[PDB]
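Trainee: Handing you a structure now.
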């Protein structure tokens with residue numbers, strides 16, 4: 007498929023960063039260039055998750071979001087080959103790697119959808135992917151990769167919130183501790199309110215703030231329920 | 007028992023960063039502060055994954071390495087509590103998260119090596135593990151958090167290389183094309199040569215260069231399959 011040429015772009019950028027590290031004198035500059043080259047290799051590893059995402063069992067909403075992410079990654083790698091500033095190349099590769107991390111989270115969400123039995127988890131997964139759809143559309147129109155990084159960061163933490171909602175529902179389905187059950191319903195209701203506020207927010211920074219508040223509340227219950 | 011104190015430290019850092027984000031008026035500064043708060047929450051998730059490993063791992067080497075990583079993370083979080091620069095806190099939190107994933111990768115890699123029978127695979131895993139332990143000891147002795155970041159970064163890329171070495175041996179053991187098994191054997195022997203030069207290098211940047219070159223050849227065959 008199109009991964010054969012995406013890897014061809016990745017392998018070309020790695021050798022360019024490898025040669026740039028040899029012609030550098032500052033050891034801090036040398037290591038920073040090697041970090042970007044190694045991040046491109048890890049980026050190519052995330053491409054191998056597309057085959058599982060493209061399977062017939064995967065929710066077509068996740069498949070369309072993975073396709074938008076692949077086009078954004080290719081666009082950023084193309085721009086990296088038309089950039090000379092090492093800081094500009096470093097930012098472009100980093101945002102492309104952050105976009106590739108969404109593919110790993112898209113795969114984990116696909117596995118969650120395969121096992122989860124609560125219908126509210128599925129309905130709220132579609133609410134989160136709807137919000138990620140908007141963040142991805144804004145990233146496709148943005149020319150500044152710093153703006154793309156912000157929108158992708160919010161999409162990543164939203165998928166964290168979704169996995170967190172799945173874990174809390176799992177605790178609610180199995181916990182025999184009445185205090186854990188009371189805390190779980192309390193946190194789930196607060197998280198649903200915070201998710202509704204994040205859906206009405208037009209500022210990605212406000213969305214991120216609400217999601218962090220929701221992840222903070224649930225992390226407290228997850229630590230209280232852990233085996234130890 | 008230490009996780010409860012580590013979670014208390016992380017929870018205290020998140021609260022401070024959220025207050026700084028609410029206090030700041032610059033939208034670029036607001037987002038950067040919230041990013042570190044999100045990073046600390048993800049580090050707490052890494053604590054839970056490390057605790058689950060402590061719950062089921064019977065290997066004394068996995069238990070000791072988990073306590074060592076937790077000890078280093080605790081020192082980094084203590085420095086983040088005393089630091090007033092959000093950029094220093096961000097760097098310290100990122101290193102602690104890299105240390106947490108180092109344990110998880112070490113546990114997963116040691117599980118495959120214990121289940122593998124190829125002596126060349128066991129010999130390469132033992133050589134990579136000795137180098138990572140050498141990097142971890144140097145990170146425990148360093149006081150510069152940027153020097154710790156470099157040593158931990160190289161150890162993680164080395165774990166990535168060891169993981170691809172497993173897949174490359176799996177690809178070869180299940181390949182029908184006779185020339186594909188030979189091409190994998192060639193790439194496997196080139197990675198061994200680069201791993202030998204990395205073990206004889208003194209600078210972390212020189213080690214990272216050898217590992218990146220070895221990861222390049224391993225990713226070629228991983229795509230051509």
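Residue numbers (PDB author numbering), protein chains in the order written: chain B, 7 to 234; chain A, 7 to 231.
Just so it is clear, CB atoms sit at the ideal spot from N, CA and C, and this is done for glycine as well.
Between the alpha carbons of residue 145/A and residue 169/A, how many angstroms are there, rounded?
Mentor: Approximately 22 angstroms between the Cα atoms of the pair.
Trainee: If the cut-off is 8 angstroms on Cβ atoms, which residues from the region 138-167 of chain B count as contacting chain A, listed in chain order?
Mentor: Within the region 138-167 of chain B, the qualifying residues are 156, 159, 163 and 166.
Trainee: What number of angstroms, rounded off, separates the C-alpha of residue 138/B from the C-alpha of residue 15/B?
Mentor: The alpha-carbon atoms of residue 138/B and residue 15/B are separated by roughly 27 angstroms.
Trainee: Residues of chain A with CB under 7 angstroms from residue 41/B, in chain order?
Mentor: The answer, in chain order, is 159.
Trainee: Ordered along the chain, which non-local residues of its own chain (more than five positions away) have a Cβ less than 7 angstroms from that of residue 156/A?
Mentor: Excluding sequence neighbours, residue 156/A sits near 210.
Trainee: Compute the Euclidean distance between the alpha carbons of residue 159/B and residue 184/A, then round it to the nearest angstrom.
Mentor: The alpha-carbon atoms of residue 159/B and residue 184/A are separated by roughly 45 angstroms.
Trainee: At what residues does the alpha helix (DSSP H) containing residue 10/A begin and finish?
Mentor: Element bounds for residue 10/A: 8-29.
Trainee: Where are the alpha helix (DSSP H) runs, 4 residues long or more, that stay fully inside the region 51-127 of chain B, in chain order?
Mentor: With a minimum length of 4 residues, the continuous alpha helix (DSSP H) runs that stay inside the region 51-127 of chain B are 56-59, 66-86 and 92-121.
Trainee: Along the region 52-67 of chain A, where does the CB come closer than 9 angstroms to a CB of chain B? Name the residues.
Mentor: Listed in sequence order: 53, 54, 57, 58, 60 and 61.
Trainee: With 8 angstroms set as the bound, which would you pick, yes or no: does the beta-carbon of residue 177/B sit closer than that to a beta-carbon of chain A?
Mentor: It does not: the Cβ of residue 177/B has no partner Cβ on chain A nearer than 8 angstroms.
Trainee: So which residues of chain B does residue 20/A contact, with C-beta pairs closer than 8 angstroms?
Mentor: Simply 218 and 222.
Trainee: Determine the chain C residues that contact residue 36/A at a beta-carbon separation under 7 angstroms, and present them in chain order.
Mentor: Of the protein chains in the structure, B and A, none is chain C.
Trainee: Identify which residue in 231/A, 106/A and 98/A has its Cα closest to the Cα of residue 161/A.
Mentor: When only C-alpha atoms are compared, the closest one is 106/A.
Trainee: Mind reading off the beta-carbon distance from residue 112/B to residue 68/B? Whole number of angstroms is fine, and I expect it under 8 angstroms.
Mentor: Contact flag correct, Cβ pair sits at about 5 angstroms.
Trainee: Between residue 53/B and residue 109/B, what straight-line distance do the alpha-carbon atoms span, to the nearest angstrom?
Mentor: C-alpha separation (whole angstroms): 8 angstroms.
Trainee: Mind listing the chain A neighbours of residue 101/B? Cutoff is C-beta to C-beta under 7 angstroms, in chain order.
Mentor: Chain A residues near residue 101/B: none, gap ~13 angstroms exceeds 7 angstroms.
Trainee: Between the region 125-135 of chain A and the region 90-107 of chain A, do at least 3 Cβ pairs fall closer than 8 angstroms?
Mentor: With a cut-off of 8 angstroms, the region 90-107 of chain A and the region 125-135 of chain A do not count as touching, because too few Cβ pairs lie within range.
Trainee: Where do the ends of the alpha helix (DSSP H) carrying residue 170/B lie?
Mentor: Here the alpha helix (DSSP H) through residue 170/B covers 151-180.
Trainee: Note down, in chain order, every chain B residue with its Cβ under 9 angstroms from the Cβ of residue 47/A.
Mentor: Correct list: 163, 166, 218, 221, 222 and 225.
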